[PDB]
Amino acid sequence: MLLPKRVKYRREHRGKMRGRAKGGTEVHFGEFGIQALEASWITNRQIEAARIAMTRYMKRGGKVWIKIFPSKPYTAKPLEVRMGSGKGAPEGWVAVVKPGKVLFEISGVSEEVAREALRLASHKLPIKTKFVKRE
Amino acid sequence: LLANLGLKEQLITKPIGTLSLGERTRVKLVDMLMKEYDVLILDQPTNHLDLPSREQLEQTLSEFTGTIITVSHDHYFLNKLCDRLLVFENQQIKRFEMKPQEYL
Amino acid sequence: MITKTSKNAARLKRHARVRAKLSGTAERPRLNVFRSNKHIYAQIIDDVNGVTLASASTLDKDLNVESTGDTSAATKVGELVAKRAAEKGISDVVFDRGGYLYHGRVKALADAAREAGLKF
Amino acid sequence: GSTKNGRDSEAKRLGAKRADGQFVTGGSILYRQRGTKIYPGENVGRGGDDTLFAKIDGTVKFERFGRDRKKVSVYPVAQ
Amino acid sequence: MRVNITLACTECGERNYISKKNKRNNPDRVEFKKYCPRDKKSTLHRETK
Amino acid sequence: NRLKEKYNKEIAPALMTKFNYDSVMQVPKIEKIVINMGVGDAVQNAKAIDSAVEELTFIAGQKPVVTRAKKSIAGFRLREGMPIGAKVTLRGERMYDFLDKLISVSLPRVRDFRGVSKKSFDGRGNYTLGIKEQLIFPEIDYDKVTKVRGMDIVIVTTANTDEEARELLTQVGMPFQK
RNA sequence: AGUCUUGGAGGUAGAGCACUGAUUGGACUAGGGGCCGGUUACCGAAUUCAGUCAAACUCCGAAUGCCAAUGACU
RNA sequence: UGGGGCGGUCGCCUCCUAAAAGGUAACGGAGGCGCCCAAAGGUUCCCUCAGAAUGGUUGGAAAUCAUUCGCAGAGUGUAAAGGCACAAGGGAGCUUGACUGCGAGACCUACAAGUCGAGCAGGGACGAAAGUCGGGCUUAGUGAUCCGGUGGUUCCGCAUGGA
RNA sequence: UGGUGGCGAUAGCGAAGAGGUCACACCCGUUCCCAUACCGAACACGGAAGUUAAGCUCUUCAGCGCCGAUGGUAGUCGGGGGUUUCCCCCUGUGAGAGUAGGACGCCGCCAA
RNA sequence: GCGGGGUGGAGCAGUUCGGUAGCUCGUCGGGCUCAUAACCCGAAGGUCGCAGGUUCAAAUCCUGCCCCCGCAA
RNA sequence: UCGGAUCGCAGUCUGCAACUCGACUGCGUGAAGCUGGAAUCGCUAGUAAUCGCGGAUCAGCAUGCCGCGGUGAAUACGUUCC
Ligand SMILES: [Mg+2]
Ligand SMILES: [Mg+2]
Ligand SMILES: [Mg+2]
Ligand SMILES: [Mg+2]
Ligand SMILES: [Zn+2]
């Protein structure tokens, strides 16, 4: 599971997810990619599951770029406690994905094979996504 | 060594003129310990020295295998440390092969 | 190799520092001095308008001396500019040492300006 | 658990205290600040704690001070 | 270690000023020329014992 | 001085002809010579500085300035502001006087001397040669000396390139290693 | 007091990478370990090219709101 | 006080939350303070820092030099923020303004407090002079009243003089 | 030309040139004033042997840096709507980035 | 997550307040004995859990990191 | 100027042959060692102690072994104890 090696602050505001992706909206490195249509948090667990799905289907042929990184920490309070008495402890790591962001890129395979690999990955993710080609 | 003799950084940085008369003597002792020597001449070694320092000196000198020459009018200290005597009598120095207590 | 910084560039730094606390006004203008290898110059400039009221150097026809880059010449220059200032109704001035150490020729020019009757 | 945070100092009401174009009596505090966000211009002093105050009566004028810095001036009214 | 002190004027004795000093750095009674309001002039003030 | 007078009359015009400059001002000359005694044993021995300053005094014929560490370094147990070096700046006559003695006497007396290296230029026409023992200098008496300290001698020139500086030092009489 | 006009203080939204942190791929890499001082696609500092990201990052930077000034209309 | 209890907190400083004036809560997110300096203050004068490459006896990645590049990538007693390279950073000479009486007018503010202040007078430090100096780059380093101790005093003193 | 000011680097860096009779410099000395944590390097004090090589001044260059629209877009004020962690429409406003382009200084005073 | 421990081979001090690393037993070598034990005579064995700072000097003070033991878990 | 180890260099002799692995010589080098803890051994007179000499083995090689003489002591009260 991806996570930063250190962070400036362990506990961050959840923030807001308005507007389209600031950058990274086009396929830049690979030939094919999967593009987000909705905003959502993507946990490192979801990235790991998606990457394994797409890479296994490609039989370790061709490169996979992960264009999102789970930098944002999120917390959770202990089970069965009342409100208050301080912010929760850091639980996990998420990447904030806004509409337009290309999450994964694939290269070194046919489009037909690429489409299937990215379809399998998309079903591991909690957002709707479309297949895109580079320009 | 100074620290072991109870002179800490404070006293070390001060002019010797400020040190107590026994503190001045612990400073002179360190100048002796730092010498790589074979003989110890102790001229009145028990003046200006407190019980802990005198007791420690007594223990150490009993173990020392080199030559010790000590002048002291504390006959107890002499009688514990010295086994032979040079007596100054009638403008003559005579050597006696006996302890201070026996000679008297 | 060794690039030598220009003395003038260094001098301008010292002069700028002087000018932080010191500036010529209409009533009490700034007597600025410049000291070259060969000559010495004095201007009396009001800084609110950027106008030089009086001036005198070792290039004027009044001064007759050959070695113009020494204390004797500097004394005459300070005297001459100070006379012209009194004619133009300048009594009080601020001395701007131009980044030079207040010594030798510049000090000599200053002394001449006081005797001629500038209040500083 | 329990929080190790929860402290803060009183707000120091910094910032501009008179407007550009406004008439001020001498002594009036013009700007409170840490360091020199704004510099003292004409007829303005800088107090011990960087406060900018009018040295005379006049109109406050905030002005560009070179390329990246600002200053405030007080200009006496044209009688 | 660092203590409050009072400086008395050495002419009139008045304890005109209070200040602090670090006793290890300045163990001796400090002296300072300071304005004495009674004498209406600057005078040597010495730390009181 | 022999070397100084030699430069003004013979060497300077010769170098003008060599590189065909537009002005005599363009001829490389030697501006200053700094001799540095890295006193790294000043941390351990307190009187290490006094040894280096007494040698430079005789060697340079000019009172050195004691240089100190800019920052603390753990490896050497060095605290900022500790005197750990000596330095002396020679200009003008005293520079030539020392350089004359250095070339004529000191470098020959180096134990198994084989000429100074050709690679020891900074890249912009400044030479630095490392002296290892202070015995080569005839001012230093063997008996009084306790420790065998060396030194660095930086020749700073106005030559833009190393080639032009090398030509300058050669004619001055620098024993280059063939 | 409202509105219009004019001036000004400020660093948010957005945006951006110029600093501080986090971070992807390639290049170049000092070293580091595992092999016989010579190499492994073996951990790899740093540098650079492109590309992301930030409540407690900013080369920038609004809309509003705020403080005034001069008339005008109310 | 997301019942009470435990734990934590209680006064002050800095930042974020705070939504571009100011202000703004939660047992919201981060840290500091209860000092330090007799120079680390004042003034006069001078001055640039970190880092890298190359050259060099010990010398080694890194001690001291020397050249080139090099906006601050350093430093600024002490947190953080805001400032600072006509320096507020570094060095040197002399000094004690780390002054006395004050104070137009402002900020902040329920009050009590807190903050800034030109200028005036007295007597001074530095400076040739202008001029600067009522501590420190700025913002923490603190505690009302009552009651006691001490020093000064053209005050009072229970008939009067003292006490 | 030299000095001395004002103005956001459109004023700067970098590159290629050109100039000095006078002026500015480099440059030549340390008896004196003054000086360097050492050094006449600097700061001082004096001089004029020669050099435009550098500084400086004057040219040309858009290579770096700087300035900078219009349009579009994000955001946003006010007013609505919806499928409401958000999104869309209307009045107004309107960036940042990117770009056309600007720009290798403009305006003073004194002296020679 | 909350506390307590890491000092020669074993068990323990010394830590706050910096100043030669120690006590008991054990291990090793040599004696005594026919031989072993006891006993006698010498020595080794920890740089104080590990890695860096502060200091002239750190087991001791500071910073991180790794183990052991209690609970909750 | 005790002590002679170790080591460098150069040699002699024996032997087919002195590297592993010989004795001796010359030059140079100049170690530990300042009378030795617990403990323990020999000796009653020409003995102990000390000084040399010879011989067997043997081409060469002894600080060992077996012999020889030179100088030449101290002490034995006694049987309490091992
Ligand atoms: Mg006494
Ligand atoms: Mg944003
Ligand atoms: Mg509760
Ligand atoms: Mg605000
Ligand atoms: Zn008085």
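Residues numbered from 1 in each chain as written, not as in the entry; some residues may be left out. Chains lettered and ligands numbered in written order. Part of a larger assembly, values for the part shown. Heavy atoms only, no water.

Regarding how it was determined, this PDB entry cites cryo-EM in its header, along with a resolution of 2.9 Å.

Regarding the overall build of chain D
Heads up, the condition is: Put simply, DSSP H or I for four residues or longer makes a helix, DSSP E for two residues or longer makes a strand, and each gets a number counted from the N terminus. We compute the radius of gyration from the C-alpha atoms alone; for a globule the expected value is 2.2 Å times N to the 0.38, where N is the number of residues. A simple rule labels every residue: compare its accessible area, found with a 1.4 Å probe on the protein chains alone, to the largest value its type can have, and call it buried under 20%, exposed over 50%, or partly exposed in between. The criterion used for residue contact is that any of the two residues' heavy atoms lie within 4.5 Å. Methods summary: accessible areas were calculated by the Shrake-Rupley approach with a probe of 1.4 Å, and residue burial reflects only the protein chains presented. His is not counted here, nor are the chain ends, while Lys and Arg score as positive and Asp and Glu score as negative. One atom stands in for each charge, and that atom is NZ of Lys, CZ of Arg, CG of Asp or CD of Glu.
Along its length, chain D carries zero helices and eight strands. Reading the helices (α) and strands (β) of chain D from amino to carboxyl end gives β-β-β-β-β-β-β-β. Taken over C-alpha atoms, the radius of gyration comes to 16 Å for chain D, far larger than the 12 Å a tight globule of 79 residues would show. Overall size of chain D, expressed as C-alpha extent along the three principal axes, is 70 × 30 × 20 Å. In chain D, which comprises 79 residues, the proportion classed as buried is 25%. Of the contacts made within chain D by residues no fewer than 6 positions apart, 45% connect residues no fewer than 24 positions apart. Per element, the accessible surface of chain D, about 5,700 Å² overall, is 47% carbon and sulfur. Of the charged side chains in chain D, 17 are positive and 9 negative; the average position of the first set lies 5 Å away from that of the second.

As for the arrangement of the chains
Contacts between protein chains span three pairs of chains, and they are most numerous for chains C and F. What separates chain B from chain C at the closest point of their C-alpha atoms is a distance of 44 Å, and the two make no contact.

Some thoughts on unusual backbone geometry
With a phi angle near 55 degrees, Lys40(E) is a residue other than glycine that sits in the positive phi range. Structurally, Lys40(E) is set in the loop between β3 (31-36) and β4 (41-47). Unlike most non-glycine residues, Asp112(F) shows phi in positive territory, near 55 degrees. On the accessibility criterion, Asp112(F) (54% relative accessible area) is exposed.

Structural notes on the coordination of the zinc ion (ligand 5)
Reference values for angles at a metal are 109.5 degrees in the four-donor tetrahedral case and 90 or 180 degrees in the six-donor octahedral case. All names here are of chain E. We count it as follows: As a rule, N, O and S atoms within 2.8 Å of a metal are its donors, except that Na, K and Ca use 3.2 Å; water is not among the atoms, so sites may look incomplete. Site shape is set this way: if four donors have all angles between 85 and 135 degrees, tetrahedral; if opposite donors are over 155 degrees apart and all others between 65 and 115, square planar for four donors and octahedral for six; otherwise irregular.
Of the protein atoms, only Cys 9 (SG), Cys 12 (SG), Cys 36 (SG) and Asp 39 (OD) coordinate the zinc ion (ligand 5), at distances of 2.3 Å. Coordination geometry of the zinc ion (ligand 5): the four donor atoms subtend angles of 95 to 124 degrees at the metal centre, consistent with an arrangement described as tetrahedral. Sequence spacing of the donor residues for the zinc ion (ligand 5), all on one chain, is C-x2-C-x23-C-x2-D. Separated by 30 residues along the polypeptide, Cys 9 in strand β1 (residues 2-9) and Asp 39 in the loop between β3 and β4 bring together distant segments of the chain. Residue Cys 9 is classed as buried on the basis of its relative accessible area of 2%. According to the relative accessible area criterion, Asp 39 is partly exposed, its value standing at 22%.

Let's talk about helix α2 (residues 111-122) of chain A
Residues and elements named next belong to chain A. We count it as follows: An expected span of 1.5 Å times one less than the residue number is assigned to each helix. Note: the arc covers the axis-to-C-beta directions of the helix.
Compared with an ideal rise of 1.5 Å per residue, which puts 12 residues at 16 Å, α2 spans 16 Å between its outermost C-alpha atoms and is within 8% of the ideal. Buried residues of α2: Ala 114, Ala 117, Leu 118, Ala 121 and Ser 122, and no others. The buried residues of α2 occupy an angular sector of 135 degrees when projected down its axis, which confines them to one face.

Quick word on the packing of helix α1 (residues 44-58) of chain A against α2(A)
When two helices pack together, their arrangement is given by the angle between their axes and by how far apart the axes lie. All names here are of chain A. Filter applied, for reference: Axis angles are defined between N-to-C directions and span 0 to 180 degrees, where every axis is a line fitted to C-alpha atoms and, for a helix, only to the segment in contact. Each angle receives one of four descriptions, namely roughly parallel if under 35 degrees, roughly antiparallel if over 145, roughly perpendicular if within 65 to 115, and oblique otherwise. For any pair of crossing helices, the crossing counts as left-handed if the nearer helix is rotated counterclockwise from the farther one by less than a right angle, and right-handed if it is rotated clockwise. Ten residues, namely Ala, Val, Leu, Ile, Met, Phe, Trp, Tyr, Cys and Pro, are considered nonpolar, four, namely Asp, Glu, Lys and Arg, are considered charged, and the remaining ones, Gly among them, are considered polar.
Viewed as axis vectors pointing N to C, α1 and α2 meet at an angle of 150 degrees, and their least axial separation amounts to 8 Å. Classified by the angle between their axes, α1 and α2 sit roughly antiparallel to one another. Of the two elements, α1 crosses α2, and the hand of that crossing is right-handed. Contacts between α1 and α2 involve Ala 50, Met 54, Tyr 57 and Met 58 on the former and, on the latter, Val 113, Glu 116, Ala 117, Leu 118, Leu 120 and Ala 121. Tallied by class, the residues present in the contact of α1 with α2 amount to nine nonpolar, no polar and one charged.

Describing the environment of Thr25(D)
Residues and elements named next belong to chain D. When you line up the elements, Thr 25 lands in the loop between β2 (23-24) and β3 (29-32). With 34 residues separating them in the primary sequence, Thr 25 and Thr 59 have C-alpha atoms 9.0 Å apart. Leave out the neighbours within four places in its chain, and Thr 25 touches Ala 54, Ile 56 and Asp 57.

As for the pairing of strand β2 (residues 15-22) of chain E
Residue and element names in this part refer to chain E. Stated precisely, the cut-off is as follows: Strand pairing is assigned whenever DSSP detects at least two bridges linking the two strands.
In the sheet, β1 pairs with β2 via seven bridges, with the strands oriented antiparallel. Residue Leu 7 lies in a different strand from β2, and its bridge partner there is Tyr 17. Linkage of β1 to β2, two consecutive antiparallel strands, is achieved through a turn of five residues, within which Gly 13 is found at a positive phi near 85 degrees.

A look at the nonpolar core
Operational definition: We define the nonpolar core as a collection of buried residues of types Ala, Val, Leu, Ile, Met, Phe, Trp, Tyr and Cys that are connected through side-chain atoms lying within 4.5 Å of one another.
Core analysis: the largest hydrophobic core is formed by 54 residues, its most contacted members being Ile30(F), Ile35(F), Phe137(F), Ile153(F) and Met174(F). No other element matches helix α1 (residues 2-19) of chain F, which puts seven residues into this core. Residue contacts for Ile30(F): discarding those within four places in its chain leaves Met95(F), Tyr96(F), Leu99(F), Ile155(F), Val156(F), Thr157(F), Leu168(F), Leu169(F) and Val172(F). Ranked by size, the runner-up nonpolar core spans 23 residues in total, among them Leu31(C), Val81(C), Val93(C) and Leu109(C).

Examining the side chain of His15(C)
Among the secondary structure elements, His15(C) is positioned in helix α1 (residues 7-21). Each residue touching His15(C), except ones within four places of it in the same chain, is listed here: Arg30(C), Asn32(C), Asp96(C), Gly98(C) and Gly99(C).

Regarding the pairing of strand β2 (residues 40-46) of chain C
Residues and elements named next belong to chain C. Counted residue by residue, β2 has five buried out of seven residues, so it is predominantly covered. Strand direction decides the pairing type here: strand β1 (residues 30-35) and β2, joined by six bridges, are antiparallel. When the sheet's bridge partners are listed, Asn 32 is paired in β2 with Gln 43. Where β1 folds back on β2, the antiparallel hairpin that results is connected by four residues. The sheet contact formed by β2 and strand β3 (residues 51-57) spans six bridges and is antiparallel. Bridge assignment links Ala 42 to a residue of β3, and that residue is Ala 56. Between the end of β2 and the start of β3, which pair antiparallel, lie four residues, with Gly 50 showing a positive phi angle near 70 degrees.

Topic: the sheet that holds strand β2 (residues 40-43) of chain A
All names here are of chain A. If you walk across this open sheet you meet the three strands as β2-β5-β4, and the pairing is antiparallel. Looking at strand neighbours, the two that pair on one side only are β2 and β4 (72-76), the edges of this open sheet. Taking the axes of each pair of neighbouring strands and ignoring which way they run, one obtains an average angle of 50 degrees across the sheet. Pairing analysis gives four bridges linking β2 to strand β5 (residues 89-97), with the strands arranged antiparallel. Opposite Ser 40, over in β5, you have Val 97 as the bridge partner. On top of the sheet, α1 reaches β2 and β5; it is set at about 70 degrees to β2, its chief contact.

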